[PDB]
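A short write-up of the structure that comes next.
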Amino acid sequence: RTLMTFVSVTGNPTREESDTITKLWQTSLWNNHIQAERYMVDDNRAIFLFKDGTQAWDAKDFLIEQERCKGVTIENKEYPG
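In full-length UniProt numbering, the protein residues as written are 92 to 172.
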(Lines of atoms letter the chains of each structure in order from A and count residues from 1; the text may use other names and numbers.)
(Lines give C-alpha, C1' and ligand atoms only; values in the text may rest on other atoms or scores of the structure.)
Protein backbone atom coordinates (compact mmCIF):
# COMPACT_ATOMS: atom_id res chain seq x y z
CA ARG A 1 0.00 0.00 0.00
CA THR A 2 3.03 2.31 0.06
CA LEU A 3 3.74 4.92 -2.60
CA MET A 4 7.11 6.54 -3.23
CA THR A 5 7.16 10.26 -4.01
CA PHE A 6 9.82 12.94 -4.43
CA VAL A 7 9.75 16.21 -2.49
CA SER A 8 12.14 19.00 -3.51
CA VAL A 9 13.33 22.17 -1.76
CA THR A 10 13.73 25.53 -3.51
CA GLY A 11 16.89 27.60 -3.86
CA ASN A 12 20.19 25.97 -2.91
CA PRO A 13 19.82 24.55 0.62
CA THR A 14 22.36 22.44 2.46
CA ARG A 15 21.48 18.83 3.21
CA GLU A 16 21.03 19.74 6.88
CA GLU A 17 18.68 22.60 5.97
CA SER A 18 16.54 20.49 3.63
CA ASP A 19 16.59 17.75 6.26
CA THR A 20 15.12 20.09 8.87
CA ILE A 21 12.69 21.65 6.39
CA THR A 22 11.35 18.39 4.92
CA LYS A 23 11.15 16.86 8.40
CA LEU A 24 9.00 19.83 9.31
CA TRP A 25 6.55 18.93 6.53
CA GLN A 26 6.79 15.24 7.42
CA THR A 27 5.86 16.03 11.02
CA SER A 28 2.97 18.25 9.97
CA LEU A 29 1.67 15.41 7.80
CA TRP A 30 2.22 12.88 10.58
CA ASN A 31 0.18 15.00 13.00
CA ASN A 32 -2.61 15.09 10.42
CA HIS A 33 -2.68 11.30 10.15
CA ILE A 34 -0.62 11.04 6.95
CA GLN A 35 2.41 8.91 7.82
CA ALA A 36 5.45 8.82 5.54
CA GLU A 37 9.06 7.70 5.76
CA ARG A 38 11.55 10.34 4.63
CA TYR A 39 14.93 9.91 2.92
CA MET A 40 17.32 12.54 1.57
CA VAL A 41 18.60 11.62 -1.89
CA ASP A 42 20.05 15.01 -2.81
CA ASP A 43 20.93 18.22 -0.98
CA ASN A 44 17.54 19.62 -2.00
CA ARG A 45 15.44 16.50 -2.54
CA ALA A 46 13.84 13.86 -0.35
CA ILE A 47 11.87 10.68 -0.83
CA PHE A 48 8.55 10.74 0.96
CA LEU A 49 7.44 7.11 1.18
CA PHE A 50 3.77 7.13 2.16
CA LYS A 51 2.62 4.13 4.19
CA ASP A 52 -0.84 4.64 2.70
CA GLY A 53 -0.44 5.60 -0.96
CA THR A 54 -4.06 6.75 -1.17
CA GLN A 55 -2.96 9.78 0.87
CA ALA A 56 -0.09 10.79 -1.42
CA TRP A 57 -2.02 13.37 -3.47
CA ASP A 58 -3.68 14.98 -0.45
CA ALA A 59 -0.21 15.22 1.08
CA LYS A 60 1.07 16.76 -2.14
CA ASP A 61 -1.69 19.40 -2.05
CA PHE A 62 -0.38 20.51 1.35
CA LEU A 63 3.32 20.23 0.49
CA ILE A 64 3.23 22.40 -2.64
CA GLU A 65 1.65 25.25 -0.66
CA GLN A 66 4.54 25.33 1.82
CA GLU A 67 7.34 27.90 1.79
CA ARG A 68 10.46 26.43 0.15
CA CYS A 69 8.69 23.48 -1.50
CA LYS A 70 9.97 23.31 -5.07
CA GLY A 71 7.43 20.63 -5.95
CA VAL A 72 6.26 17.05 -5.52
CA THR A 73 6.58 14.09 -7.88
CA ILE A 74 4.03 11.27 -7.87
CA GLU A 75 3.87 8.45 -10.41
CA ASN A 76 6.06 10.32 -12.91
CA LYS A 77 3.82 13.39 -12.71
CA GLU A 78 5.31 16.59 -11.31
CA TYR A 79 3.39 19.13 -9.26
CA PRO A 80 5.31 22.43 -9.07
CA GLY A 81 5.18 24.51 -5.90
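For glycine and all other residues, C-beta sits at the position ideal for the given N, C-alpha and C.
According to the DSSP assignment, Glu128 belongs to the beta strand (DSSP E) that extends over 127-133. DSSP places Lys151 in the helix class (H, G or I) of the three-state scheme. For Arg136, the uninterrupted beta strand (DSSP E) segment begins and ends at 136-141. With respect to the C-alpha of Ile112, the residue from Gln126, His124, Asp134 having the closest C-alpha is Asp134.
Excluding sequence positions up to five before and after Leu94, its CB lies within less than 6 Å of the CB of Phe141, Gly144, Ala147, all in the same chain and listed in chain order. Spanning the alpha carbons of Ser109 and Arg136 requires a straight line of approximately 7 Å.
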